[PDB]
$ cat target.txt   # compact mmCIF, C-alpha atoms and all ligand atoms
# COMPACT_ATOMS: atom_id res chain seq x y z
CA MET O 43 158.11 124.21 99.27
CA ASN O 44 156.16 126.42 96.86
CA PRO O 45 155.94 130.20 96.59
CA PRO O 46 152.70 131.80 95.40
CA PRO O 47 152.46 131.48 91.63
CA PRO O 48 153.06 134.64 89.57
CA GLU O 49 150.12 137.05 89.45
CA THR O 50 147.80 136.79 86.45
CA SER O 51 145.92 139.99 87.23
CA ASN O 52 146.86 143.28 88.85
CA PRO O 53 144.21 146.00 89.08
CA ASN O 54 146.72 148.84 89.35
CA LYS O 55 148.58 147.72 86.21
CA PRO O 56 147.09 149.04 82.97
CA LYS O 57 145.77 146.50 80.43
CA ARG O 58 145.98 146.52 76.65
CA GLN O 59 144.92 144.45 73.67
CA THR O 60 146.90 144.54 70.44
CA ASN O 61 146.95 142.48 67.26
CA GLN O 62 150.34 141.11 68.30
CA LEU O 63 149.15 140.05 71.75
CA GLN O 64 146.11 138.41 70.18
CA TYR O 65 148.43 136.49 67.85
CA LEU O 66 150.65 135.47 70.77
CA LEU O 67 147.66 133.75 72.39
CA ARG O 68 145.80 132.42 69.35
CA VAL O 69 148.78 131.21 67.37
CA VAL O 70 152.01 131.20 69.36
CA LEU O 71 150.92 129.95 72.80
CA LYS O 72 148.14 127.70 71.55
CA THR O 73 150.49 126.03 69.04
CA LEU O 74 153.39 125.55 71.47
CA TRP O 75 150.92 124.15 73.99
CA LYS O 76 150.23 121.15 71.75
CA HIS O 77 153.88 120.20 71.19
CA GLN O 78 154.98 116.81 72.61
CA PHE O 79 157.54 118.62 74.80
CA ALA O 80 155.17 121.28 76.19
CA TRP O 81 153.95 119.36 79.25
CA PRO O 82 156.68 120.34 81.75
CA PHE O 83 155.97 123.99 81.01
CA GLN O 84 152.17 124.08 81.21
CA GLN O 85 152.02 124.93 84.93
CA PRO O 86 154.20 126.39 87.67
CA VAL O 87 156.81 123.98 88.94
CA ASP O 88 155.31 122.23 91.97
CA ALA O 89 158.39 121.59 94.10
CA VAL O 90 156.48 119.49 96.62
CA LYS O 91 154.97 117.21 94.01
CA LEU O 92 158.13 116.91 91.92
CA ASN O 93 160.47 116.60 94.89
CA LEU O 94 162.53 119.64 93.88
CA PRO O 95 163.12 121.37 97.21
CA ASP O 96 165.93 123.45 95.71
CA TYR O 97 163.97 124.70 92.69
CA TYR O 98 162.83 128.00 94.17
CA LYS O 99 166.10 128.36 96.02
CA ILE O 100 167.62 128.74 92.58
CA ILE O 101 164.82 130.21 90.45
CA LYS O 102 163.69 133.63 91.70
CA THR O 103 161.54 134.71 88.75
CA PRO O 104 159.39 131.62 87.99
CA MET O 105 157.41 131.53 84.79
CA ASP O 106 155.37 128.92 82.92
CA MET O 107 153.01 128.79 79.93
CA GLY O 108 149.94 128.31 82.10
CA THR O 109 150.66 131.65 83.73
CA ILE O 110 151.39 133.24 80.37
CA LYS O 111 148.12 131.88 78.99
CA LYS O 112 146.09 133.35 81.87
CA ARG O 113 147.91 136.66 81.47
CA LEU O 114 147.07 136.82 77.77
CA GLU O 115 143.47 135.84 78.45
CA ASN O 116 143.19 138.63 81.03
CA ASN O 117 144.82 141.29 78.84
CA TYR O 118 147.44 141.57 81.58
CA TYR O 119 150.23 142.72 79.27
CA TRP O 120 150.79 146.18 77.81
CA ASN O 121 152.48 144.86 74.67
CA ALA O 122 153.81 141.78 72.93
CA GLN O 123 157.38 142.37 74.10
CA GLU O 124 156.24 142.08 77.71
CA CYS O 125 154.75 138.66 76.89
CA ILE O 126 157.80 137.58 74.90
CA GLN O 127 159.90 138.44 77.95
CA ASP O 128 157.88 135.95 80.01
CA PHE O 129 158.52 133.19 77.47
CA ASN O 130 162.22 134.04 77.57
CA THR O 131 162.22 133.94 81.38
CA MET O 132 160.59 130.49 81.25
CA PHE O 133 163.22 129.08 78.85
CA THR O 134 166.12 130.73 80.69
CA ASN O 135 164.92 129.37 84.06
CA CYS O 136 165.06 125.89 82.61
CA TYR O 137 168.64 126.41 81.38
CA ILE O 138 169.57 127.87 84.76
CA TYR O 139 168.07 125.16 86.99
CA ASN O 140 169.33 122.28 84.90
CA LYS O 141 172.38 121.33 82.81
CA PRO O 142 173.23 121.07 79.12
CA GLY O 143 172.14 117.70 77.73
CA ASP O 144 169.41 117.08 80.33
CA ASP O 145 166.11 115.76 78.94
CA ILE O 146 164.19 118.84 80.10
CA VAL O 147 166.80 121.12 78.52
CA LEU O 148 166.46 119.32 75.19
CA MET O 149 162.73 119.95 75.52
CA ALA O 150 163.18 123.65 76.25
CA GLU O 151 165.69 124.04 73.39
CA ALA O 152 163.21 122.55 70.92
CA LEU O 153 160.35 124.72 72.17
CA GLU O 154 162.49 127.85 72.14
CA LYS O 155 163.38 127.25 68.49
CA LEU O 156 159.71 126.82 67.60
CA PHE O 157 158.84 129.91 69.64
CA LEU O 158 161.43 132.08 67.84
CA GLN O 159 160.23 130.73 64.52
CA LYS O 160 156.67 131.85 65.31
CA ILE O 161 157.48 135.32 66.64
CA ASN O 162 159.98 136.09 63.88
CA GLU O 163 157.06 137.71 62.08
CA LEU O 164 154.12 139.20 63.99
CA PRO O 165 151.03 140.96 62.64
CA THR O 166 151.12 144.74 62.17
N1 LIG Q 201 161.97 123.55 85.19
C1 LIG Q 201 162.93 122.52 85.47
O1 LIG Q 201 164.11 122.78 85.53
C2 LIG Q 201 162.49 121.11 85.68
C3 LIG Q 201 161.14 120.80 85.73
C4 LIG Q 201 160.76 119.48 85.91
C5 LIG Q 201 161.71 118.48 86.07
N2 LIG Q 201 161.23 117.12 86.24
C6 LIG Q 201 160.64 116.32 87.21
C7 LIG Q 201 159.70 115.52 86.37
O2 LIG Q 201 160.45 115.24 85.20
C8 LIG Q 201 161.32 116.34 85.07
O3 LIG Q 201 162.03 116.58 84.10
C9 LIG Q 201 163.05 118.80 86.02
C10 LIG Q 201 163.44 120.12 85.82
$ encode --input "target.txt" --output "structure tokens" --more "lines below"
Ligand SMILES: NC(=O)c1ccc(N2CCOC2=O)cc1
Amino acid sequence: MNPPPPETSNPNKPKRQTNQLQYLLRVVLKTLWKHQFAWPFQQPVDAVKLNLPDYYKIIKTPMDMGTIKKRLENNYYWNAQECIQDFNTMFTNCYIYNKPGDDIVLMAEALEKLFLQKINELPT
């Protein structure tokens, strides 16, 4: 069974737009999105559809790139680090719920490497 997906707007949270956040959407997210291994991470895990009744019993801070994309589009974040933290939560969740060597873990490992490569240098 599925919890509500993470919020993508919050009126009492202040918004901001920065060059770095713009780059995270235009370049980082949009590029990762097209990778052959991106598909498992483009939406919240649907435990009912995927028959993973223990997923949310294990993962308490769910995150996915669809959520991140909507957050960036809504200027939800204060700064780039806040957004980078969501990517890191998404990768870490995958390593937590699964096991080394699993196909989905190999996917996350590859994406994480590409992600780090892209955020190594951000605009000023
Ligand atoms: N986020 C995860 O740990 C996760 C997500 C999806 C899967 N499934 C079910 C469909 O194929 C998969 O790899 C398995 C694990």
$ residues_around --input "target.txt" --residues "residue 140 (chain O)" --least-positions-apart "4" --cutoff "12 Å" --atoms "all atoms listed in the file" --output "ChimeraX atom specification"
/O:94,96-97,100-101,133-136,144-150
$ write_last_selection --input "target.txt" --atoms "C-alpha atoms" --output "mmCIF file, in the coordinates of the input"
data_model
loop_
_atom_site.group_PDB
_atom_site.id
_atom_site.type_symbol
_atom_site.label_atom_id
_atom_site.label_comp_id
_atom_site.auth_asym_id
_atom_site.auth_seq_id
_atom_site.Cartn_x
_atom_site.Cartn_y
_atom_site.Cartn_z
ATOM 1 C CA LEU O 94 162.530 119.640 93.880
ATOM 2 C CA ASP O 96 165.930 123.450 95.710
ATOM 3 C CA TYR O 97 163.970 124.700 92.690
ATOM 4 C CA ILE O 100 167.620 128.740 92.580
ATOM 5 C CA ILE O 101 164.820 130.210 90.450
ATOM 6 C CA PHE O 133 163.220 129.080 78.850
ATOM 7 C CA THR O 134 166.120 130.730 80.690
ATOM 8 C CA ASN O 135 164.920 129.370 84.060
ATOM 9 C CA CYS O 136 165.060 125.890 82.610
ATOM 10 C CA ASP O 144 169.410 117.080 80.330
ATOM 11 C CA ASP O 145 166.110 115.760 78.940
ATOM 12 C CA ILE O 146 164.190 118.840 80.100
ATOM 13 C CA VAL O 147 166.800 121.120 78.520
ATOM 14 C CA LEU O 148 166.460 119.320 75.190
ATOM 15 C CA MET O 149 162.730 119.950 75.520
ATOM 16 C CA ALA O 150 163.180 123.650 76.250
#
$ closest_residue --input "target.txt" --among "O:132, O:107, O:69, O:43" --to "ligand LIG 201 (chain Q)" --atoms "all atoms listed in the file"
O:132
$ axis_aligned_box --input "target.txt" --around "ligand LIG 201 (chain Q)" --padding-each-side "5 Å" --output "AutoDock Vina command-line options"
--center_x 161.9 --center_y 119.4 --center_z 85.7 --size_x 14.4 --size_y 18.3 --size_z 13.1
$ closest_residue --input "target.txt" --among "O:59, O:73, O:159, O:50" --to "residue 106 (chain O)" --atoms "only C-alpha atoms"
O:50
$ closest_residue --input "target.txt" --among "O:152, O:80, O:66, O:87" --to "ligand LIG 201 (chain Q)" --atoms "all atoms listed in the file"
O:87
$ atom_distance --input "target.txt" --atom1 "atom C9 of ligand LIG 201 (chain Q)" --atom2 "CA of residue 82 (chain O)"
7.8 Å
$ atom_distance --input "target.txt" --atom1 "CA of residue 139 (chain O)" --atom2 "atom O1 of ligand LIG 201 (chain Q)"
4.8 Å
$ atom_distance --input "target.txt" --atom1 "CA of residue 129 (chain O)" --atom2 "atom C1 of ligand LIG 201 (chain Q)"
14.0 Å
$ closest_residue --input "target.txt" --among "O:103, O:62, O:166, O:51" --to "ligand LIG 201 (chain Q)" --atoms "all atoms listed in the file"
O:103
$ residues_around --input "target.txt" --residues "region 118-124 of chain O" --least-positions-apart "4" --cutoff "6 Å" --atoms "only C-alpha atoms" --output "list in words"
residues 57, 58, 62, 63 and 113 of chain O
$ closest_residue --input "target.txt" --among "O:128, O:64, O:56, O:151" --to "residue 79 (chain O)" --atoms "all atoms listed in the file"
O:151
